[PDB]
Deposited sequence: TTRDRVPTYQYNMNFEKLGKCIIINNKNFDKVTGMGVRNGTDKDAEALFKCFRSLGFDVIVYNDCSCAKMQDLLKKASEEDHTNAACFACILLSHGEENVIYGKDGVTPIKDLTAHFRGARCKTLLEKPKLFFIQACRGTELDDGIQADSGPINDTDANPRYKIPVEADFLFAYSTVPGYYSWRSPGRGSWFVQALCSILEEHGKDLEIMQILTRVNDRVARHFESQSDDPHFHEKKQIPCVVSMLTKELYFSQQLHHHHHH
């Protein structure tokens, strides 16, 4: 058909990495409001039907273990998988507590072969990366991956994602939502905008 088959026991797992406080050795500031963000996101995504678990002030190897363990889990009764990252981010890279980890390394574990159970099922990656002290990136290319990447109450992106999903999460296809989100943050405005990278093969709805 033209939609991802959503007929499974559970929707799927949803990991939230919520890096707020950073090790002195990175000169990275307190991301105030990431707590308002992560709460909003937990409530919103749990409402969709995800098995949300939040992890805070994660080290780089924590972030990598979290995700490798997740990939290693049996996902036969899951309709899909979803990771959300809140942090400082530069290019191809997220900040953990104790330094920087490359984004693509977190998703690698979920590839075609490496996660046979999650094959032909959407892997959803929501990234909200901050700048700021106080050059290139490679998006990995695999079927059934989606990224919603952003740069900046909590963040305008996070706020919008929840508001729309809370409201149309059950009746709109993933792309329509993210578009409405893209639109919403644009309205606020130098000028920045989230982007959606889609390697999806079908339409994604969070119901039926």
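Against the full deposited sequence, the model leaves out several stretches, namely 1-7, 142-159, 178-187, 225-235, 255-262.
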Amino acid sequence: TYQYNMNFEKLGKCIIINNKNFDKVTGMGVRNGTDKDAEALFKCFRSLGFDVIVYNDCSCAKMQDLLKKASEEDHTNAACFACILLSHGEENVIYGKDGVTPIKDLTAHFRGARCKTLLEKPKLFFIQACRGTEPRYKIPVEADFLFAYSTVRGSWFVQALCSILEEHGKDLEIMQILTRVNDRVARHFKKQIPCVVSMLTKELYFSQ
From here on, numbers count along this sequence of modelled residues.
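Taking the mean C-alpha B-factor of each stretch as recorded, 173-181 and 62-70 are not equal, and the higher mean is that of 62-70. Higher average CA B factor: 24-32, of the stretches 24-32 and 40-48. Within the listed group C162, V141, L146, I53, the record reports its top CA B-factor for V141. For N92, the recorded CA B-factor ranks within the highest third of the chain. Only modelled residues enter the ranking. Residue-level temperature factors show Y205 in the lowest third of its chain, judged at the C-alpha atom. Placement of the Cα temperature factor of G112 within the chain: highest third of the modelled residues, per the deposited record. For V100, the recorded CA B-factor ranks within the middle third of the chain. Only modelled residues enter the ranking.
In the deposited entry, the Cα temperature factor of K123 sits in the bottom third of values across the chain's modelled residues.
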